[PDB]
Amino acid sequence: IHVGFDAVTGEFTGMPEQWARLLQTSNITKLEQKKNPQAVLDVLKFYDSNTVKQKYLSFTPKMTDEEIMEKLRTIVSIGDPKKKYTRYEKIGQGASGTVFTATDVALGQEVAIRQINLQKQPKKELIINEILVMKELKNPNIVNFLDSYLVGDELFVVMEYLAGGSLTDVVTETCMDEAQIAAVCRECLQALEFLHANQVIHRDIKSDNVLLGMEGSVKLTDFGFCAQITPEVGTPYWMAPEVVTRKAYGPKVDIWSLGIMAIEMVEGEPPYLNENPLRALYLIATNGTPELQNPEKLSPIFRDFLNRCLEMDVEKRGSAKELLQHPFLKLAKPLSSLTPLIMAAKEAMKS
C-alpha cells in the first residue's frame, strides 16, 4: 500500500510498523533518508522479505513409490556409499538435508555427498528433477553430478569437490597479484557464460562458493539445490543494486557479484564487514560500488575491468561472453601459480 515522505521533517508517512521498526534499527541517518527516500524504502521491503529461499533448476529438456522408483531409474547406482567413499566429514545439516565431504576409495579423488530424506520432504519431485537436470548440465568450471545411491528413504547425491579449499581461505591468508586474480576471473567467467547459456542465474557468486584444486583448477558451487555443498542473517555484500532495490533482474547480477569478488580478492576481506546489514543494503542501492582502501596501486586495465563489472546501469554492465574478451584476462598467469597460495592457506588454517 502507498506510503509517503514529508520532505522537511524527513518522516515517511503511512508505512507498516515492520518497516518503521527496521528503519529505527537501520543506522540510516535522516540526511541519508531525505537524500534518497525511495532507495531506503526499497531496501526495507527487501530485508523484511528476504528469507533467502531455495533454488531448483527445473530446466528439464502425493507422489507414489512406483513414481519415485521410475524417476530414479536413470540416476541411482547399486552400490554402498559407506563402502565406496572414506574420510567422511560432516560439513553441514539443515532442512535441505545433510552434507559431507569424502574421498573415492578407488580414484583417490574428493567428493561431496548430499543426503536427502525422500519421505520427510514434500517437494520430492523437484529434488529428483533437479538431479535429472544436473546429470545433463556438465561443465568443467562447475561441480558436476557424479553418482547417486538409494539407502532406504535416504538418497545420496555425489557431486565433485576439490581438495584446495575455498577462494576465501586463499584471499584471507595470502596476497594475490593481478595475474592470479585474472586467472580466477577467467575461470569464473567461463562458468557464468555456461550457466547463463542454460537459463541459470547463480545469484551467489562470492569467494565462499569458489572452489580450488591443489593444481589450481577452479569450480563454482551453489548454483542449484544439489550444488549447495558449502557451509552457509549476515550482510549480502555480493548483491547487485537492482536486486536490493527489489527491482526485476537478470544474469548480469552475477557479473556485479564477480566484480565485488575481484575487490575482495585484492583487499583480502569483503566490503561492509562491520556494517549494519540495513545500512549496507542502503549503501549498495545508492552508492553502488563500495570504496577501495588503496585504489592507487591497481593497474589501469584492472580498473577498467572492475568498471565494466560494477557499472550500476545494467545495459552498460558487461555480459560474461563480453568480459571474457576483456584485455585484463590477457594478464592471467597459469592456474598452477595458485598452488603455493593454496598450500600457504591450508598451513595457516590448521584449526
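Start at 1 with the first residue shown and count on from there.
Trainee: Answer with none, 1 to 3, 4 to 9, or 10 or more: how many deposited residues between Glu232 and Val233 are not present in the coordinates.
Mentor: The entry has 4 to 9 unmodelled residues between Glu232 and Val233.
Trainee: How many missing residues of the deposited sequence lie between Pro61 and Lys62 in the entry, grouped as none, 1 to 3, 4 to 9, or 10 or more?
Mentor: Missing residues, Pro61 to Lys62: 10 or more.
Trainee: Take the C-alpha B-factors listed in the entry for 331-339 and for 12-20, compute each mean, and give the stretch with the larger one.
Mentor: On average, C-alpha B-factors are higher across 12-20.
Trainee: On mean C-alpha B-factor from the PDB entry, just flag whether 252-260 or 116-124 is the higher one.
Mentor: In the deposited entry, the stretch with the higher C-alpha B-factor mean is 116-124.
Trainee: Would you mind finding, among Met214, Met134, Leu167, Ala95, the residue with the largest C-alpha temperature factor in the entry?
Mentor: In this record, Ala95 carries the highest C-alpha B-factor of the candidates.
Trainee: Pick out which of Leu298, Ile68, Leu283, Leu310 has the highest C-alpha B-factor in the PDB entry.
Mentor: That would be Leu298, according to the entry.
Trainee: When the modelled residues of the chain are sorted by Cα temperature factor, does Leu146 land in the lowest, middle or highest third?
Mentor: CA B-factor rank for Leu146: middle third.
Trainee: Relative to the other modelled residues in the chain, which third contains the C-alpha temperature factor of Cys226: lowest, middle or highest?
Mentor: CA B-factor rank for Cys226: highest third.
Trainee: Splitting the chain's C-alpha B-factors into thirds, which one does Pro277 fall into?
Mentor: Its C-alpha B-factor belongs to the middle third of this chain's values.
Trainee: By the record's CA B-factor, is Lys247 among the lowest, middle or highest third of residues in the chain?
Mentor: Answer is highest: the recorded C-alpha B-factor places it there.
Trainee: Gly79's Cα B-factor: lowest, middle or highest third of the chain?
Mentor: Bottom third by C-alpha B-factor.
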